[PDB]
Amino acid sequence: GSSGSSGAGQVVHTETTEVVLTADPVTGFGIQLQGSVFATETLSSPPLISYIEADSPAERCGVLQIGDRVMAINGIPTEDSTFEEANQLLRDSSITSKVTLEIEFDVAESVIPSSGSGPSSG
């Protein structure tokens, strides 16, 4: 579990962002997820953005990285059903011509960088 003198070890926080993709007149959302076909209940893993079509709205934003961490889809708790379910969500989303993807990222915290070459004050 822990690798090294444990104790006073604070961690960073994580936020969530809503991705608004407009089902293009050709490449609706053009989003791909990674999982499986068969399972027991869930997918034994979160649905990560397998691939993102080009010239698509999912890419246009560029906020959707390959292998993202979708915590939900339009509120849907990505933690059950079959890979198809999630896949269906998108398709359906096409109806309203808008799909919501709950992503999760890290946020910079109060901490000084390392003295070297790269990051410059601004």
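Procedures and definitions
- Residues numbered from 1 in each chain as written, not as in the entry; some residues may be left out.
- Heavy atoms only, no water.
- Buried < 20%, exposed > 50% of the residue type's maximum accessible area, 1.4 Å probe, protein only.
- Helix = DSSP H or I, 4+ residues; strand = E, 2+ residues; numbered from the N terminus.
- Pairing = 2+ DSSP bridges.
- Core = buried A, V, L, I, M, F, W, Y, C linked by side-chain atoms within 4.5 Å.
- Contact = heavy atoms within 4.5 Å.
- Salt bridge = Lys/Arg side-chain N within 4 Å of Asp/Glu carboxyl O.
- Polar contact = N/O pair within 3.5 Å; in protein donor to acceptor, adjacent residues only side chain to side chain.
- Axes fitted to C-alpha atoms, helices over the stretch in contact; angles between N-to-C directions.

Looking at the method field of the entry, one finds solution NMR.

One non-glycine residue with positive phi stands out, namely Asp55, at about 60°. Its relative accessible area of 70% is what places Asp55 among the exposed residues. The backbone of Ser81 sits at a positive phi, close to 70°, despite the residue not being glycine. Positionally, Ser81 belongs in the loop between strand 5 (76–77) and helix 2 (83–93).

A few words now on the pairing of strand 2 (residues 31–34). By the alternation rule, side chains of strand 2 split into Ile31 and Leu33, which are all buried, and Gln32 and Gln34, of which none is buried. Across 3 bridges, strand 2 lies against strand 3 (residues 48–52) in antiparallel orientation. Looking across to strand 3, one finds that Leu33 is bridged to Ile49.

For the rest of this paragraph, the subject is the nonpolar core. Counting residues in each nonpolar core, the largest one holds 18 residues, and the members touching the most others are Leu21, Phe29, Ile31, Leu64 and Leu101. Contributing elements (two or more residues each) for this core: strand 1 (14–21), strand 2, strand 3, strand 4 (70–73), helix 2 and strand 6 (99–106). If sequence neighbours within four positions are ignored, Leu21 has contacts with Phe29, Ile31, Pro57, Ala58, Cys61, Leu64, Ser97, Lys98, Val99 and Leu101.

Quick look at the pattern of salt bridges now. Under the defined criterion, the tally for this structure stands at 1 salt bridge. Across the pair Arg60 and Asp24 runs a salt bridge whose closest N-O atoms are separated by 3.8 Å. Pair noted here: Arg60 is in helix 1 (residues 57–60) and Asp24 is in the loop between strand 1 and strand 2, with a separation of 36 residues, a long-range link.

Relative to the helices and strands, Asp68 resides in the loop between helix 1 and strand 4. Within the structure, the side chain of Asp68 is placed 2.7 Å from the backbone nitrogen of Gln65, a separation counted as a polar contact. If sequence neighbours within four positions are ignored, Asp68 has contacts with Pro47, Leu48, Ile49 and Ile103.

We now examine the sheet that holds strand 5. Across a sheet, strands are paired by hydrogen bonds formed along the backbone, either parallel or antiparallel in direction. The sheet built from 4 strands is open, its strands ordered 1-6-4-5 with antiparallel pairing. Single-partner strands in this sheet number two, and they are strand 1 and strand 5. Note that strand 1 and strand 6 share 8 bridges and pair antiparallel. Looking across to strand 6, one finds that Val19 is bridged to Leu101. Packed on one face of the sheet, helix 2 meets strand 4, strand 5 and strand 6 and runs near 125° to strand 6.

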